[PDB]
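We begin with a single chain expressed as C-alpha cells, specifically the form deposited in one PDB entry.
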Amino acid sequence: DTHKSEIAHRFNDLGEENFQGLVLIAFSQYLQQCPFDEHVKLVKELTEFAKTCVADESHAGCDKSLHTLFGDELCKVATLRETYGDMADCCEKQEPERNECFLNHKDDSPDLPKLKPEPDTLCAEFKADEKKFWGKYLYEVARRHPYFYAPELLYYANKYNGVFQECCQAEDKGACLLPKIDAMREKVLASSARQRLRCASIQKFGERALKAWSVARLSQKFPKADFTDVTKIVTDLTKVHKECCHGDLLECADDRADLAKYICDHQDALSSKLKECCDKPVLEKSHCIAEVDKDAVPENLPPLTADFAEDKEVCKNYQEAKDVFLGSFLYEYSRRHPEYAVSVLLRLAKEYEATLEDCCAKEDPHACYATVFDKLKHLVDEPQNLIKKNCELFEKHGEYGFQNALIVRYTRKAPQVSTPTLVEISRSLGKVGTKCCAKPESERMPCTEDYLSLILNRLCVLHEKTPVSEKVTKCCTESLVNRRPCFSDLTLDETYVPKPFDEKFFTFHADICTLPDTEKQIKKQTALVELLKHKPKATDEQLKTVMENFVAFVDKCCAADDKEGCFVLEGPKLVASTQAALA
C-alpha cells in the first residue's frame, strides 16, 4: 500500500541527484551498448514519474515495484532486439525471471573503446556542464563494469569532482589531471574486481559463501565487537550486496545508507576507528566505513585453545549446533589474527570442521582434537611459503620479469585458455608482487590472498562463459575458498595437445615501433604464451633465446630506413630462427 510506492519512497530517501545517478548506473549496466543520450532520456522519464508519485502516490502505476517499472522501461527500448538480440526474449517473462534473464546478458567483457583522457577536452566538458560531465563518467564506468558497486560509483564521482575543480583552473591541465586520473583508474578497477567477486560468490556459491567471508573480514576489522553484532552487520551487508548484484540499485543504496547509519549509531560497540567516518555525508561516510583500518586486538582475550582444544566439551558443542559453533570459531580466530588472510581463516575453519568430524566419532575424542592447532599449522605455513618464494622471485626479476615467469606457469597450467586472457590474467598476477611484497608483515598475507582471489575470480568469470579447461573448471567451481591453492597446485596440463606454431605472433608491421611500452610488452608476452602453447615443455634457455631474438629483431627493423620493408622482407628469418631454437 503506501510503501507500494517504492519509487516515491526511494526518491524521498535518496534525493533527486542520487536517485538519478543510480537509475543512470542501472540502465548503463543493463544496456551497455546504448549511448549516454538515450540513457539520460530514460533516467529523465523515470525521475519525472517518481516526482509524480511523490506528489501523489495513488497515481496510476506508482504502486508497481521499482524493479518492475525499471524492467518495463528496458523492454520499452525500440532498438532492444536490434542491439541486444536474445535479450529482448527476456521481456516475455514475469519478474523475477525477467530480471534474472536480463542479468544473464550483462557482459563482463564488453570490449568498448579505451577512454583516452584528453585533459583540455575533459576540462571544457567539465566547465560546460558539471552535472552532465559526471553523468557521462558514471555511464562510462558503469557500462564497462556492469557489476560495479553502484553507491561507491556515486562516491567516486563526488570525490573526483574536487580534482577537476582544482585541475581545470590550471594552465598546465594535463600535469595536474593525468596522475590523478591514473589513480582514479586504479581504485576503480580494484573496486570493480572486488564487487565482481562478491556477485560471483553469491551467484555460484550462495549468499552463505559471502557471509562466511564477511564474517572473517569484519571480525578482523572490529575485533572488539560481539559475534552477534558482526553477524547482524554481515547479514545486512550481504543483503546490500545481493541487491546491488541483482540490479536493485536504489534499494541497494537505500539499504547501505541505513547500514552506515547503524554502524555509526553503534560505533562504541564496534571500533574507535569509526569516529573519523561518522560526521561525514552519507556517500563518504559509507566509503570511509568500508575503508576503515582494523581496530587493535583487545587485551585479555583468552587463548583460542580454551574454547576449541582444551575444553572437554567441544564435541557436544559442535554436534549441538555445528554451524554456530564453526561460525563462532571463525569469529574468534579472525578477531585475534588480522595478519591472516580471510580465505586462510576460512580454510582454517574448514580444516577444524574436518578434524572434529573425524575426532568426535572416536572412542576418546579429546585426545584426538586437543592437538588440532598443530594440524592447522600447515594452512598458515603454505600461504607463507607461497609469499616467500614468489616475493623473492619478484624482487630478483622485477614486475615484467615476474609477469613473464607467471605467463610460463599459467600457460602450462591452463594451456587451452585464450592468449589474451592468459596475458591479462598473468600480468595482473604479477602486479600482486608490486602491490604486496613490500607491505608490512601483518599485511602481506591478507593483501596477497585478497588480490589472488580478485584475479582468479576474473579468470573464473571469463572461463565460465566459454569453458575450455576442465582443470580451470575444477578449480573455479569446486570451492571458493580453495581456489587459490587449487590453482597453485596445478602442474602442466598433461591432457593438452600442442597447437602448431602460430607465426602471425612473431611477425609485425612498422607501426609496432610506434606503440606505448605497455602494448609492446603485451606483444612480447603474447608471443611468449604462443611459444608455450606450441611447445609446453620448452626449456627456460630456449624461451630466453627466442625472446632475446624477438627483441633483437624488432630493434633491428625499428632502426631501419625502411621499417615496413625490413619487417616484411626479414620477418621470415625470425620465424625460422625461432623454430630452430625450439628443436
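From 1 onward, residues are counted along the sequence shown. C-alpha atoms forming the largest set that superposes within 1.5 Å between two forms make up the rigid core.
Omitted from view is the form deposited in another entry, to which the following refers.
When the two forms are superposed on their rigid core between the shown form and the other one, the C-alpha shift of 2 Å or more among 381, 470, 357, 82 belongs solely to 82.
A movement of the C-alpha atom of residue 228 falling short of 2 angstroms is seen between the shown form and the other one when the two forms are aligned on their rigid core. In the core-superposed comparison between the shown form and the other one, residue 324 has its Cα shifted by less than 2 Å.
After superposition on the rigid core, displacement of the C-alpha of residue 287 between the shown form and the other one stays below 2 Å. An increase of at least 3 Å in the separation of the C-alpha atoms of residue 96 and residue 213 is found in that other deposited form, compared with the displayed form.
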